[PDB]
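Chemist: Would you mind keeping the following structure in view while I ask a few things?
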2 protein chains.
Amino acid sequence: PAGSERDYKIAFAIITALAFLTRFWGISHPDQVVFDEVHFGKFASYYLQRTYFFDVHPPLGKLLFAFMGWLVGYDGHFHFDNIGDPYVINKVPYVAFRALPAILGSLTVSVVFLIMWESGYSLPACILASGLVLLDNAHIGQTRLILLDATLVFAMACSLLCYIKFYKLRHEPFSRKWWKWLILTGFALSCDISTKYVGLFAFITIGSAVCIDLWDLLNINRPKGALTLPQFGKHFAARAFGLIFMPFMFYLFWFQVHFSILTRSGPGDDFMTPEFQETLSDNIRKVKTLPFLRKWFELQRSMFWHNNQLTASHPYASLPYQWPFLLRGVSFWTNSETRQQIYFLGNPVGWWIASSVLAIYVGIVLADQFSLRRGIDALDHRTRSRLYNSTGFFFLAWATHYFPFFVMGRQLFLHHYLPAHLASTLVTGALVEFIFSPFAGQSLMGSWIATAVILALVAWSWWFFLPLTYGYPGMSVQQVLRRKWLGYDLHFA
Amino acid sequence: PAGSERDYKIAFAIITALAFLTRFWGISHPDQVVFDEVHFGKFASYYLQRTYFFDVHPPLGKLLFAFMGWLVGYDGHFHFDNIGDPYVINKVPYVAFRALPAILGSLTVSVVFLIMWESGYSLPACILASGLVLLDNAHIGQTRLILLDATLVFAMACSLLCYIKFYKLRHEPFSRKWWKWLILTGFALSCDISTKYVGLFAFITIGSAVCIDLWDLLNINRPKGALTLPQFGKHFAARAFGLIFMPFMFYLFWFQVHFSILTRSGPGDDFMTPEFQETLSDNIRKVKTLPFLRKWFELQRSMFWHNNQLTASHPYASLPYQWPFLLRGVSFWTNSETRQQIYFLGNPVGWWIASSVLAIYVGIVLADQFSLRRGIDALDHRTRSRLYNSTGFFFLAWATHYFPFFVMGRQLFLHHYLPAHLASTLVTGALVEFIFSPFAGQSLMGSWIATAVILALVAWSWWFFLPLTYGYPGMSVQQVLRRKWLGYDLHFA
Ligand SMILES: CC/C(C)=C\CC/C(C)=C\CC/C(C)=C\CC/C(C)=C\CC/C(C)=C/CC[C@H](C)CCOP(=O)(O)O[C@@H]1O[C@H](CO)[C@@H](O)[C@H](O)[C@@H]1O
Ligand SMILES: CC/C(C)=C\CC/C(C)=C\CC/C(C)=C\CC/C(C)=C\CC/C(C)=C/CC[C@H](C)CCOP(=O)(O)O[C@@H]1O[C@H](CO)[C@@H](O)[C@H](O)[C@@H]1O
Ligand SMILES: CC/C(C)=C\CC/C(C)=C\CC/C(C)=C\CC/C(C)=C\CC/C(C)=C\CC/C(C)=C\CC/C(C)=C/CC[C@H](C)CCOP(=O)(O)O
Ligand SMILES: CC/C(C)=C\CC/C(C)=C\CC/C(C)=C\CC/C(C)=C\CC/C(C)=C\CC/C(C)=C\CC/C(C)=C/CC[C@H](C)CCOP(=O)(O)O
């Protein structure tokens with residue numbers, strides 16, 4: 001083919017259209033309460049009736065679900081109670097609830113394409129990364145239900161894109177665009193941490209990327225001039241204000257909204273001290289008013305303590321070492337009359353290729369450093385910097401979203417690897433531009449064939465496991481056997 | 001005072017004498033089976049009657065206990081069964097069993113002094129490190145029982161000393177002394193890993209110290225000449241042979257001894273496949289012979305699998321974050337008639353000072369690097385290199401023996417921090433030579449007063465908690481209250 005801005009735009013539009021198609025196709029088929037739709041639907045409904053409740057997660061995801069429900073006009077009283085009850089016979093708009101994660105997943109694919117486009121890679125690399133995210137069964141299966149992991153993944157991708165936009169403005173510090181993208185990176189990180197607490201890992205990524213930059217900004221002998229200590233102080237203050245203080249303010253604002261919406265007694269009042277019982281205006285009596293900081297501190301301590309002790313066992317808990325190569329998958333919902341399972345797992349071909357390319361990138365960096373120690377360059381200036389500045393950045397994200405799961409010893413599931421795997425899909429694309437590289441990009445035919453073959457193979461693998469992702473077509477017993485690759489408990493054999 | 005080789009020798013002799021005094025004083029007082037003397041005494045006895053058994057730990061520690069028992073001549077049939085039965089009314093030499101860990105603890109204090117002496121520090125620094133190890137209640141309490149953690153700590157200290165000896169010979173590579181100390185470092189690491197599997201962490205330390213060295217040996221532009229690739233290949237081959245292959249050979253040799261000693265049926269035969277039942281010569285019948293590698297592989301796989309699933313709950317399991325500052329301690333043995341407890345905990349003053357000095361060293365390194373980035377040296381060549389080569393090495397050991405406990409999520413106890421705390425006692429001494437430094441060592445009076453004050457305070461703290469370490473003097477209820485500093489469950493209040 002060829003390469004031009006028009007081709008970039010055409011590819012981006014097609015990728016976004018196919019993302020919206022795949023995430024929304026058959027979104028209402030399970031039409032029943034599924035693996036963890038129970039809790040989050042309960043909390044979204046409690047938001048709608050303004051009755052107070054208690055949860056261990058930060059509120060923003062359930063606020064988004066409640067906003068989607070409120071937009072339709074549903075208030076109702078169908079607070080979910082058990083896995084396996086029909087939504088349609090209860091006059092509840094579950095499709096409206098499920099449309100938000102689908103929109104966020106489609107926007108996640110678009111943001112992946114935007115990250116690869118903004119970093120400066122060629123069209124085949126952006127297409128490959130966006131297609132690996134597009135044709136992934138785990139991302140599709142997570143953006144299908146009432147689950148707040150899609151919001152987490154979208155916020156992490158948005159933070160990566162915002163920081164890439166901001167870093168390219170390093171030549172015009174303290175300008176309007178500079179401050180705008182700094183604040184936007186902070187806001188994306190704030191949303192990421194206000195969805196789930198594991199979003200803190202994104203703060204590590206953008207943290208590390210900042211620190212290195214600050215180190216580069218602290219060198220007294222650097223090619224781009226030198227900064228006096230007050231100027232570096234201004235830079236550090238700007239980073240701290242835009243990346244630490246604004247995220248905390250947005251987090252606090254989301255709890256302020258949570259407290260303002262909930263002004264009625266409900267299930268979860270007893271977790272608070274009697275003054276908080278007094279301030280809920282127990283209805284369906286006198287009510288007091290407390291300062292916001294006191295209520296926030298009490299709720300935060302209680303939430304941390306309950307997350308420290310209130311753990312419910314699940315048979316499909318996984319360990320971090322099983323994630324990058326898909327050694328085991330989780331099952332969400334199944335009924336025996338139609339022989340339909342919704343067993344949640346990634347795309348085995350895509351995940352294996354992405355992890356293998358992670359290993360190849362590690363080996364390439366090691367070989368380049370070893371050759372440099374001998375005094376051999378072997379890399380152009382442009383191809384070195386990118387491989388350490390852009391691709392390395394992506395490899396940073398993966399690491400910062402994968403390794404911290406070994407330190408945590410509570411229950412973890414495969415979907416916890418969805419953010420990190422996202423970054424894995426980026427380096428892959430970069431490494432296809434790298435090894436098959438002859439603005440110099442004449443005869444991208446090599447990378448074009450590489451990405452075409454890899455994406456066709458991943459597409460075949462996604463087509464193979466598509467029923468298990470959707471659960472619409474009832475599959476025969478021998479067809480269930482064909483999906484038993486690495487010991488997947490499909491329980492229909 | 002003054003400084004000279006005679007003063008070094010006098011201090012070393014006094015430190016060793018006091019170590020042997022403190023570790024052996026009242027060694028037979030508990031005169032009863034205690035917290036984990038059960039299992040290890042059982043296995044040492046089974047070694048003595050040559051009856052086969054199964055354990056999850058590598059055999060070397062129980063081989064040492066069985067050798068100590070065999071030296072006296074005891075064979076008997078007193079395989080331990082429950083916590084809290086009298087040794088003396090059963091004609092068993094428990095004092096002989098307990099003398100080995102006491103000897104190893106005294107030698108550990110001596111080896112700490114030797115490490116500080118060989119590295120080049122002044123007398124007050126060596127005295128401070130050796131005294132912090134000497135006046136530590138946790139090290140004393142671990143080298144008191146039939147427990148194989150003292151062997152682990154002694155082997156780690158010996159590996160550190162052996163590698164310091166070897167590295168000083170870097171100017172005469174491939175000589176007899178060079179190879180001798182390389183093999184000795186490998187053998188010390190082999191003993192460390194053949195006692196308990198956590199000894200692998202020492203392989204990290206000496207691993208890292210080697211890697212940096214190899215990096216320095218790989219630089220094509222380095223002050224001390226340049227090595228062609230074959231010469232660096234010879235260096236890497238020597239490191240791999242002395243640090244990887246010899247340790248594995250010694251580990252295999254210890255299993256060979258274990259298999260040769262055990263040629264009778266016993267408790268633990270059923271964990272093996274029927275061929276291994278056939279090779280045990282079931283007595284108290286035909287017996288076959290298997291190749292050693294097959295038996296070793298079967299036993300190793302079974303041991304790993306049982307350690308992966310066979311966990312027994314304990315009420316005093318701790319987490320790594322509680323260790324450096326002694327937030328909680330474990331109780332081993334107690335009887336209510338004499339009001340005697342043997343609650344195991346470190347020396348709070350010594351541990352707090354050691355951890356605080358770890359933090360101070362981190363801050364000092366950070367400040368030095370930050371000042372260097374501005375282009376300010378602020379450190380002499382001699383004082384820089386030491387702080388990064390010797391003291392840093394010690395800080396490496398601590399890290400490599402502490403952080404890997406967060407990755408592991410099984411049950412961990414406070415004694416697991418005994419190796420790492422050892423390295424913490426080294427940096428402390430170094431930092432007392434560092435900050436109070438005016439061969440230039442005129443007027444060490446500052447460091448002399450510093451170490452005198454710190455060691456007097458630690459000695460008072462050790463005297464305060466000495467009954468809880470020994471359990472000989474029955475303490476009153478109000479005296480139990482005085483030891484309730486950071487919430488220690490003494491259960492005699
Ligand atoms: C086990 C260890 C292993 C295997 C791997 C370790 C991980 C590794 C390798 C690295 C860790 C991560 C690293 C190093 C950095 C992450 C954070 C950083 C530094 C940045 C954040 C990412 C981020 C937005 C990077 C921005 C990159 C954008 C696309 C650059 C825009 O083009 P741009 O003009 O600057 O290119 C060049 O600009 C030069 C100007 O000077 C010029 O000279 C050249 O001609 C050329 O124009
Ligand atoms: C969060 C991060 C923080 C806070 C800390 C990070 C950890 C840090 C700071 C460091 C990590 C560990 C490091 C850097 C190294 C560990 C392993 C290494 C390199 C060695 C193993 C330890 C080890 C046996 C070191 C041996 C040191 C012996 C005592 C040196 C003997 O005296 P010697 O003549 O060589 O001194 C000088 O020899 C020069 C010759 O050139 C000469 O010029 C000088 O005049 C002067 O005679
Ligand atoms: C001086 C700075 C330097 C050197 C350089 C500049 C660095 C820079 C400019 C930016 C990044 C700075 C860095 C490295 C960190 C900053 C983030 C931080 C510590 C705070 C800011 C984040 C916030 C706005 C709110 C944090 C919420 C609070 C209050 C607590 C959370 C507790 C968490 C998150 C517990 C994680 C486990 C979780 C329980 C598992 C369950 O999991 P789940 O809920 O999913 O089931
Ligand atoms: C190429 C090399 C480079 C780059 C540079 C040169 C590096 C160099 C020269 C030296 C060091 C090399 C390094 C970094 C590692 C080498 C060690 C290694 C992996 C093997 C050698 C060690 C052996 C002789 C035997 C190992 C026993 C075996 C077979 C398995 C054990 C399993 C372990 C240990 C499981 C740890 C958890 C434990 C279960 C907790 C329970 O705990 P507990 O039992 O206490 O209750």
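Each chain of the structure tokens is named A, B, ... in the order shown, its residues numbered from 1; ligands are numbered from 1 in display order.
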Assign secondary structure with DSSP using the backbone only, and return the residues of region 248-361 of chain A in strand (DSSP E or B) as a PyMOL selection string.
Modeler: chain A and resi 264+318+330+334-335+340-341+344
Chemist: For those residues, write C-alpha atoms to a file as a tab-separated table (two decimals), in the first residue's frame.
Modeler:
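Output below, filename again-v7.tsv:
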chain	number	residue	atom	x	y	z
A	264	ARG	CA	-31.23	8.36	52.73
A	318	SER	CA	-5.60	-16.67	39.46
A	330	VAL	CA	-12.61	-17.62	34.45
A	334	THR	CA	-23.72	-20.60	31.95
A	335	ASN	CA	-27.05	-22.34	31.49
A	340	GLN	CA	-24.19	-21.65	26.29
A	341	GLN	CA	-21.09	-20.62	28.24
A	344	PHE	CA	-13.84	-15.36	30.00
Chemist: Residues up to 7 Å from ligand 1, counting only C-alpha atoms and all ligand atoms: could you list those as a ChimeraX atom specification?
Modeler: /A:118-120,163-165,167-168,208-210,212-213,361-363,365-366,381-382,385-386,388-390,392-393,395-396
Chemist: At a cut-off of 8 Å, list the chain B residues touching chain A, using only C-alpha atoms, as a list in words.
Modeler: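 Here they are: residues 218, 219, 220, 221, 373, 374, 375, 406, 407 and 409 of chain B.
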Chemist: With N, CA, C and O atoms retained, write the just-selected residues as a PDB file, in the first residue's frame.
Modeler:
ATOM      1  N   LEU B 218      33.428  -5.740  31.531  1.00  0.00           N
ATOM      2  CA  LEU B 218      33.040  -5.744  30.130  1.00  0.00           C
ATOM      3  C   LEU B 218      33.272  -4.409  29.443  1.00  0.00           C
ATOM      4  O   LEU B 218      33.283  -4.359  28.209  1.00  0.00           O
ATOM      5  N   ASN B 219      33.463  -3.340  30.205  1.00  0.00           N
ATOM      6  CA  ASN B 219      33.698  -2.026  29.630  1.00  0.00           C
ATOM      7  C   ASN B 219      34.917  -2.041  28.721  1.00  0.00           C
ATOM      8  O   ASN B 219      36.015  -2.412  29.145  1.00  0.00           O
ATOM      9  N   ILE B 220      34.719  -1.645  27.462  1.00  0.00           N
ATOM     10  CA  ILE B 220      35.833  -1.562  26.529  1.00  0.00           C
ATOM     11  C   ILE B 220      36.728  -0.389  26.863  1.00  0.00           C
ATOM     12  O   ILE B 220      37.912  -0.398  26.519  1.00  0.00           O
ATOM     13  N   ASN B 221      36.196   0.624  27.535  1.00  0.00           N
ATOM     14  CA  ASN B 221      36.970   1.789  27.939  1.00  0.00           C
ATOM     15  C   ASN B 221      36.930   1.847  29.459  1.00  0.00           C
ATOM     16  O   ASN B 221      36.063   2.501  30.043  1.00  0.00           O
ATOM     17  N   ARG B 373      24.721  15.406  40.328  1.00  0.00           N
ATOM     18  CA  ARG B 373      24.009  15.798  39.118  1.00  0.00           C
ATOM     19  C   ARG B 373      24.172  17.291  38.851  1.00  0.00           C
ATOM     20  O   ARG B 373      24.273  17.716  37.696  1.00  0.00           O
ATOM     21  N   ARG B 374      24.214  18.097  39.911  1.00  0.00           N
ATOM     22  CA  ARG B 374      24.563  19.513  39.855  1.00  0.00           C
ATOM     23  C   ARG B 374      26.032  19.764  39.554  1.00  0.00           C
ATOM     24  O   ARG B 374      26.405  20.918  39.328  1.00  0.00           O
ATOM     25  N   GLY B 375      26.866  18.734  39.538  1.00  0.00           N
ATOM     26  CA  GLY B 375      28.276  18.920  39.276  1.00  0.00           C
ATOM     27  C   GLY B 375      29.123  19.208  40.490  1.00  0.00           C
ATOM     28  O   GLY B 375      30.225  19.747  40.343  1.00  0.00           O
ATOM     29  N   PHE B 406       8.406 -10.154  50.047  1.00  0.00           N
ATOM     30  CA  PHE B 406       7.113  -9.634  49.628  1.00  0.00           C
ATOM     31  C   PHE B 406       6.550 -10.415  48.451  1.00  0.00           C
ATOM     32  O   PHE B 406       5.331 -10.568  48.339  1.00  0.00           O
ATOM     33  N   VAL B 407       7.419 -10.915  47.574  1.00  0.00           N
ATOM     34  CA  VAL B 407       6.975 -11.702  46.432  1.00  0.00           C
ATOM     35  C   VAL B 407       6.388 -13.030  46.888  1.00  0.00           C
ATOM     36  O   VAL B 407       5.428 -13.534  46.297  1.00  0.00           O
ATOM     37  N   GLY B 409       4.188 -15.374  49.173  1.00  0.00           N
ATOM     38  CA  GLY B 409       2.965 -15.138  49.911  1.00  0.00           C
ATOM     39  C   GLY B 409       2.531 -16.267  50.821  1.00  0.00           C
ATOM     40  O   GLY B 409       1.344 -16.390  51.134  1.00  0.00           O
TER      41      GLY B 409
END
Chemist: Neighbours of residue 259 (chain B) within 9 Å (only C-alpha atoms; same-chain residues fewer than 4 positions away dropped), as a list in words?
Modeler: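 Listing them by chain and then by number gives residues 52, 254, 255, 263, 292, 295 and 296 of chain B.
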Chemist: Create the file for the chosen residues now, containing N, CA and C atoms and written as a PDB file, in the first residue's frame.
Modeler:
ATOM      1  N   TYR B  52      13.842 -44.195  56.784  1.00  0.00           N
ATOM      2  CA  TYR B  52      13.528 -43.173  55.801  1.00  0.00           C
ATOM      3  C   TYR B  52      12.380 -42.298  56.273  1.00  0.00           C
ATOM      4  N   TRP B 254      24.870 -33.505  49.177  1.00  0.00           N
ATOM      5  CA  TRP B 254      24.137 -33.624  50.433  1.00  0.00           C
ATOM      6  C   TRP B 254      22.918 -34.525  50.280  1.00  0.00           C
ATOM      7  N   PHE B 255      22.197 -34.432  49.158  1.00  0.00           N
ATOM      8  CA  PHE B 255      21.171 -35.456  48.930  1.00  0.00           C
ATOM      9  C   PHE B 255      21.743 -36.855  48.752  1.00  0.00           C
ATOM     10  N   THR B 263      18.359 -46.096  54.659  1.00  0.00           N
ATOM     11  CA  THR B 263      18.156 -47.355  53.958  1.00  0.00           C
ATOM     12  C   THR B 263      17.225 -48.276  54.733  1.00  0.00           C
ATOM     13  N   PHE B 292      21.152 -42.586  41.319  1.00  0.00           N
ATOM     14  CA  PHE B 292      20.975 -41.497  42.270  1.00  0.00           C
ATOM     15  C   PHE B 292      20.145 -40.366  41.675  1.00  0.00           C
ATOM     16  N   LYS B 295      16.297 -40.977  41.882  1.00  0.00           N
ATOM     17  CA  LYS B 295      15.787 -40.792  43.236  1.00  0.00           C
ATOM     18  C   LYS B 295      15.777 -39.322  43.623  1.00  0.00           C
ATOM     19  N   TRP B 296      16.847 -38.599  43.291  1.00  0.00           N
ATOM     20  CA  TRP B 296      16.902 -37.184  43.623  1.00  0.00           C
ATOM     21  C   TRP B 296      15.800 -36.409  42.925  1.00  0.00           C
TER      22      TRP B 296
END
Chemist: Please identify the residues whose atoms come within 7 Å of ligand 4, using only C-alpha atoms and all ligand atoms, and report them as a ChimeraX atom specification.
Modeler: /B:57,190,193,196-200,203-204,206-208,210-211,239-240,243-245,247-248,251,304,307
Chemist: Could you write those residues out with N, CA, C and O atoms, as an mmCIF file, in the first residue's frame?
Modeler:
data_model
loop_
_atom_site.group_PDB
_atom_site.id
_atom_site.type_symbol
_atom_site.label_atom_id
_atom_site.label_comp_id
_atom_site.auth_asym_id
_atom_site.auth_seq_id
_atom_site.Cartn_x
_atom_site.Cartn_y
_atom_site.Cartn_z
ATOM 1 N N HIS B 57 12.312 -29.519 53.698
ATOM 2 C CA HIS B 57 13.535 -28.738 53.751
ATOM 3 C C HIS B 57 14.715 -29.527 53.196
ATOM 4 O O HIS B 57 14.722 -30.759 53.242
ATOM 5 N N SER B 190 26.362 -22.766 48.801
ATOM 6 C CA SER B 190 25.764 -24.093 48.726
ATOM 7 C C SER B 190 25.231 -24.542 50.073
ATOM 8 O O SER B 190 24.135 -25.096 50.157
ATOM 9 N N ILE B 193 22.004 -22.564 50.835
ATOM 10 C CA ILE B 193 20.809 -23.033 50.137
ATOM 11 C C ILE B 193 20.446 -24.468 50.504
ATOM 12 O O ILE B 193 19.281 -24.857 50.370
ATOM 13 N N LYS B 196 18.107 -24.118 54.149
ATOM 14 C CA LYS B 196 16.731 -23.774 53.828
ATOM 15 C C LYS B 196 16.689 -23.183 52.432
ATOM 16 O O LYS B 196 17.670 -22.610 51.960
ATOM 17 N N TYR B 197 15.537 -23.316 51.777
ATOM 18 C CA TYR B 197 15.428 -22.855 50.399
ATOM 19 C C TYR B 197 15.500 -21.336 50.296
ATOM 20 O O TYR B 197 15.942 -20.809 49.269
ATOM 21 N N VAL B 198 15.108 -20.616 51.351
ATOM 22 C CA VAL B 198 15.241 -19.163 51.349
ATOM 23 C C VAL B 198 16.696 -18.740 51.233
ATOM 24 O O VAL B 198 16.978 -17.580 50.916
ATOM 25 N N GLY B 199 17.635 -19.661 51.453
ATOM 26 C CA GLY B 199 19.032 -19.355 51.223
ATOM 27 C C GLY B 199 19.322 -18.948 49.799
ATOM 28 O O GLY B 199 20.367 -18.345 49.536
ATOM 29 N N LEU B 200 18.401 -19.241 48.878
ATOM 30 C CA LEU B 200 18.519 -18.750 47.510
ATOM 31 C C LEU B 200 18.730 -17.247 47.468
ATOM 32 O O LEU B 200 19.385 -16.738 46.554
ATOM 33 N N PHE B 203 22.187 -16.218 47.041
ATOM 34 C CA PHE B 203 22.592 -16.312 45.645
ATOM 35 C C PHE B 203 22.245 -15.051 44.874
ATOM 36 O O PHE B 203 22.922 -14.718 43.898
ATOM 37 N N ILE B 204 21.199 -14.340 45.289
ATOM 38 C CA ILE B 204 20.903 -13.052 44.678
ATOM 39 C C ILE B 204 22.002 -12.053 45.004
ATOM 40 O O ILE B 204 22.559 -11.409 44.108
ATOM 41 N N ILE B 206 25.314 -12.302 46.166
ATOM 42 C CA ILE B 206 26.544 -12.612 45.450
ATOM 43 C C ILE B 206 26.307 -12.608 43.953
ATOM 44 O O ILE B 206 27.226 -12.340 43.173
ATOM 45 N N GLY B 207 25.078 -12.877 43.521
ATOM 46 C CA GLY B 207 24.768 -12.750 42.115
ATOM 47 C C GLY B 207 24.964 -11.321 41.664
ATOM 48 O O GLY B 207 25.772 -11.045 40.774
ATOM 49 N N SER B 208 24.266 -10.398 42.328
ATOM 50 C CA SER B 208 24.308 -8.999 41.925
ATOM 51 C C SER B 208 25.728 -8.456 41.987
ATOM 52 O O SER B 208 26.207 -7.827 41.037
ATOM 53 N N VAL B 210 28.416 -10.011 41.630
ATOM 54 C CA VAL B 210 29.164 -10.519 40.488
ATOM 55 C C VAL B 210 28.791 -9.744 39.234
ATOM 56 O O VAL B 210 29.664 -9.283 38.489
ATOM 57 N N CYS B 211 27.490 -9.554 39.006
ATOM 58 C CA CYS B 211 27.031 -8.941 37.764
ATOM 59 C C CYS B 211 27.661 -7.571 37.572
ATOM 60 O O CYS B 211 28.253 -7.291 36.524
ATOM 61 N N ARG B 239 33.306 -17.541 36.977
ATOM 62 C CA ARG B 239 32.234 -17.173 37.901
ATOM 63 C C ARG B 239 31.111 -18.199 37.888
ATOM 64 O O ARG B 239 30.611 -18.593 38.945
ATOM 65 N N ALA B 240 30.697 -18.641 36.701
ATOM 66 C CA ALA B 240 29.619 -19.619 36.610
ATOM 67 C C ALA B 240 30.019 -20.951 37.225
ATOM 68 O O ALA B 240 29.201 -21.609 37.875
ATOM 69 N N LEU B 243 30.326 -20.365 41.202
ATOM 70 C CA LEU B 243 29.173 -19.826 41.905
ATOM 71 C C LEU B 243 27.864 -20.513 41.559
ATOM 72 O O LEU B 243 26.881 -20.320 42.277
ATOM 73 N N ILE B 244 27.819 -21.292 40.479
ATOM 74 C CA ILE B 244 26.612 -21.980 40.044
ATOM 75 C C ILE B 244 26.800 -23.493 40.057
ATOM 76 O O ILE B 244 25.969 -24.226 40.594
ATOM 77 N N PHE B 245 27.886 -23.978 39.458
ATOM 78 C CA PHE B 245 28.015 -25.414 39.246
ATOM 79 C C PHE B 245 28.491 -26.139 40.503
ATOM 80 O O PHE B 245 27.900 -27.147 40.900
ATOM 81 N N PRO B 247 28.107 -25.049 43.690
ATOM 82 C CA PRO B 247 26.999 -25.118 44.653
ATOM 83 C C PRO B 247 26.007 -26.217 44.330
ATOM 84 O O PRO B 247 25.527 -26.903 45.240
ATOM 85 N N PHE B 248 25.692 -26.414 43.051
ATOM 86 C CA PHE B 248 24.772 -27.481 42.684
ATOM 87 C C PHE B 248 25.371 -28.848 42.968
ATOM 88 O O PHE B 248 24.664 -29.757 43.415
ATOM 89 N N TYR B 251 25.093 -29.387 46.744
ATOM 90 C CA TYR B 251 23.692 -29.676 47.035
ATOM 91 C C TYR B 251 23.343 -31.125 46.694
ATOM 92 O O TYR B 251 22.747 -31.857 47.504
ATOM 93 N N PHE B 304 8.986 -30.198 46.477
ATOM 94 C CA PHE B 304 8.458 -28.928 45.998
ATOM 95 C C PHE B 304 6.937 -28.924 46.010
ATOM 96 O O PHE B 304 6.316 -27.944 46.431
ATOM 97 N N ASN B 307 5.674 -28.717 49.626
ATOM 98 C CA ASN B 307 5.854 -27.364 50.135
ATOM 99 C C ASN B 307 4.888 -26.394 49.468
ATOM 100 O O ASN B 307 4.522 -25.373 50.060
#
Chemist: As a ChimeraX atom specification, please: the residues near region 139-148 of chain A (cut-off 6 Å, only C-alpha atoms, same-chain neighbours under 2 positions excluded).
Modeler: /A:23,37,61,98,101-102,105,136-137,150-151,469
Chemist: Can you spit out the residues from that selection as an mmCIF file, in the first residue's frame, using N, CA, C and O atoms?
Modeler:
data_model
loop_
_atom_site.group_PDB
_atom_site.id
_atom_site.type_symbol
_atom_site.label_atom_id
_atom_site.label_comp_id
_atom_site.auth_asym_id
_atom_site.auth_seq_id
_atom_site.Cartn_x
_atom_site.Cartn_y
_atom_site.Cartn_z
ATOM 1 N N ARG A 23 -17.783 -4.538 20.026
ATOM 2 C CA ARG A 23 -18.158 -4.394 21.429
ATOM 3 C C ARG A 23 -19.670 -4.397 21.622
ATOM 4 O O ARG A 23 -20.153 -4.837 22.670
ATOM 5 N N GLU A 37 -22.058 -8.653 37.886
ATOM 6 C CA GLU A 37 -23.053 -7.618 37.666
ATOM 7 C C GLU A 37 -23.904 -7.389 38.901
ATOM 8 O O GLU A 37 -24.516 -6.324 39.026
ATOM 9 N N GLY A 61 -16.867 4.575 39.153
ATOM 10 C CA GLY A 61 -17.477 3.627 38.233
ATOM 11 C C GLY A 61 -18.968 3.467 38.460
ATOM 12 O O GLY A 61 -19.766 3.495 37.516
ATOM 13 N N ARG A 98 -25.048 -1.667 30.242
ATOM 14 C CA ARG A 98 -23.942 -2.313 29.554
ATOM 15 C C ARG A 98 -23.406 -1.504 28.383
ATOM 16 O O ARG A 98 -22.332 -1.831 27.871
ATOM 17 N N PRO A 101 -19.737 0.506 29.346
ATOM 18 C CA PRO A 101 -18.453 -0.178 29.159
ATOM 19 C C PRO A 101 -18.155 -0.488 27.707
ATOM 20 O O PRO A 101 -16.985 -0.487 27.318
ATOM 21 N N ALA A 102 -19.173 -0.764 26.891
ATOM 22 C CA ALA A 102 -18.936 -0.995 25.469
ATOM 23 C C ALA A 102 -18.419 0.261 24.779
ATOM 24 O O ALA A 102 -17.495 0.195 23.954
ATOM 25 N N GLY A 105 -14.837 0.634 25.808
ATOM 26 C CA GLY A 105 -13.941 -0.281 25.117
ATOM 27 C C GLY A 105 -13.664 0.136 23.685
ATOM 28 O O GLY A 105 -12.524 0.054 23.207
ATOM 29 N N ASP A 136 -9.177 -8.832 20.552
ATOM 30 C CA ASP A 136 -8.919 -9.512 21.811
ATOM 31 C C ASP A 136 -10.222 -9.912 22.486
ATOM 32 O O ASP A 136 -11.093 -9.072 22.717
ATOM 33 N N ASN A 137 -10.341 -11.197 22.816
ATOM 34 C CA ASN A 137 -11.566 -11.692 23.426
ATOM 35 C C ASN A 137 -11.720 -11.220 24.863
ATOM 36 O O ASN A 137 -12.848 -11.061 25.334
ATOM 37 N N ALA A 150 -13.478 -1.969 32.489
ATOM 38 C CA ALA A 150 -13.364 -1.260 31.218
ATOM 39 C C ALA A 150 -13.046 0.210 31.434
ATOM 40 O O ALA A 150 -12.251 0.798 30.691
ATOM 41 N N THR A 151 -13.669 0.826 32.437
ATOM 42 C CA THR A 151 -13.352 2.209 32.764
ATOM 43 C C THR A 151 -11.896 2.345 33.186
ATOM 44 O O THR A 151 -11.222 3.313 32.824
ATOM 45 N N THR A 469 -16.860 -16.186 23.982
ATOM 46 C CA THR A 469 -16.933 -14.795 24.406
ATOM 47 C C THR A 469 -18.365 -14.296 24.486
ATOM 48 O O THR A 469 -18.688 -13.495 25.368
#
Chemist: Name all residues at most 9 Å from region 423-425 of chain B (count only C-alpha atoms; drop same-chain ones fewer than 2 positions away) and give them as a ChimeraX atom specification.
Modeler: /B:112,128-133,157,350-351,354-355,357-358,394-399,401,419-421,427-429
